[PDB]
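The chain below stands alone, shown as structure tokens; this is the form solved without this ligand.
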């Protein structure tokens, strides 16, 4: 599977930006673009050897972990640290079979009891997304945490917090130029901070956005989708145009 590398050590706005653009460019073929928004590969019929991309993360601590992302939804399904690999609990048999193809030379494989959806991770972590800081400092911490789970050094709530940091700074940032932007701003200003409601509500709505755009009537939505501004106020989007700067990838819905 293709491997895309990022290191927090000496990270800049340009090196993060280029990383996210490489992830996007390896997730999609670029042949399928609707409303100027690229569509990810269709799960149905997708050959196993095209199913996954790997993201190798390194940090100042000189530790490395490799995440596996499903090309069908850009989301993290598991990771490797050294000679151990760890997978979220698959939703079904076919996804269970699919993950057997990842990290196959590793000596210890484990499937967690819990899936990798946010509600489950936030419970394990004992913190919601709105209370977990993101930025290059958090990501450096999170890479160490996932590495030291393989040694016994990381406890479950820290591991779950660290998944939440990685999924937002990698998967969600690939899905949304707006979220890639939030991370670029944190790196620019050397800040760490939690996401605001606008970010959280977009993450929660990605699947529904994908469907509203792809089943739209030449860009016009059959019904509105509610999002949230940074101050938490709600508002409605009625068509694709205002989302083209915001959403970078969509899950495949229809031909």
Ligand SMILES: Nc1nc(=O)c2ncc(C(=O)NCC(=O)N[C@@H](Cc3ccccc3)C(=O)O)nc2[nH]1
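Positions refer to the first chain, counted from 1.
The same protein also exists as the form deposited with this ligand bound; that form is not shown, yet it is the one meant from here on.
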Exercise. At 4.5 angstroms, heavy atoms only, are 66, 79 and 160 all close to this ligand in the bound PDB entry?
Worked result: no
Seminar exercise, completed: Answer key: of 83, 185, 131, 117, within 4.5 Å of this ligand in the bound PDB entry (heavy atoms) is 117
For this session: Look up in the bound PDB entry whether residue 150 has a non-hydrogen atom within 4.5 angstroms of this ligand, and give yes or no.
Result: no
Exercise. Residue 75: heavy atom within 4.5 Å of this ligand in the bound PDB entry?
Worked result: yes
Problem set entry | Contact of residue 125 with this ligand in the bound PDB entry (heavy atom, 4.5 Å) | no
Exercise. Is there any non-hydrogen atom of residue 180 lying within 4.5 Å of this ligand in the bound PDB entry?
Worked result: no
Problem set entry | Residues in 192-211 with any heavy atom within 4.5 Å of this ligand in the bound PDB entry | 203, 204, 206, 207
